[PDB]
């Protein structure tokens, strides 16, 4: 087995290839920093296409290049278990002994290991636990939490699994193995890429309306769903394949963003056999009936409004951008600005929704 890769993470620049997310979290990645040779884990996130991060130290939250220096590291998982000898599995902290006895190795750097407080009211936080003191620390809001004892039991830590592949692996060895019962996937699959990277080969991006658009002047007819962040706010927008390279456009804060976009997340449609839901684009009034829990808009949640992918009709043309269904607003980046629709004007939007398969439950 290769050792873990902690990839180079210059603060204020885009993420490295294949960063490892905190399980289940939209914009939270496993991160590592050192002070005087001593490792500690923390968290990184995307803001405006680049790395921001937070670590607990000296009972303070350190976030700056001035607190931290110019670079941290972000856990990377590039390749698969055939070339690496391991895959990462998130387990309950209380299960670590059983897991180690079955042959798993716990991810660690010195005495520090990542720990995810998944069920924390108001949102998960990723922090670190100290092997010697068994205290977990989490940095946020300029403060540090410290938690120990039984409150750790259901928090999640990373195990390296040294045998086989992960549950949905499609490498030739896993493909040839005798099938095992799976839970179908109920989380939307989002892949990390930087704008200007080569077009994705590892999955199937989700195309506006499932077809070429009759779109606006200067836009590519084949537009696909992507997520970016501005000031901690989720922004859905569009990517297209520009000469083999990812190109993107987002609208937010009254502006259009078409360059220096950096790190984005691309939505993938999983293989039908492993997914617990199907996608389709639905008229806004149908999409708004999410309460029935039949077709539910794809959404990333934020306190200012939850944001969904949406094709708008502008000047009689179709164009991929974003909508807040509950607040009846929808926008695109276009023409050097953010074009905004509200109220009844959003009812013509087509919203990306998903519907749970029988036996499955989604939100």
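Positions refer to the first chain, counted from 1.
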Segment of higher mean CA temperature factor, 115-123 or 284-292: 284-292
Per the entry, higher mean C-alpha B factor between 163-171 and 127-135: 163-171
Identity of residue with top Cα B-factor, from 311, 53, 314, 28: 314
Per the PDB entry, maximal CA B factor within 350, 345, 20, 353: 345
Third of the chain, ranked by Cα B-factor, where residue 201 sits: highest
Residue 60 - Cα temperature factor, lowest/middle/highest third of chain: middle
Relative C-alpha B-factor of residue 87, binned into the chain's lowest, middle or highest third: middle
Modelled-residue ranking by C-alpha temperature factor, third containing residue 257: middle
Where the record places residue 77 (Cα B-factor, split into thirds across the chain): middle
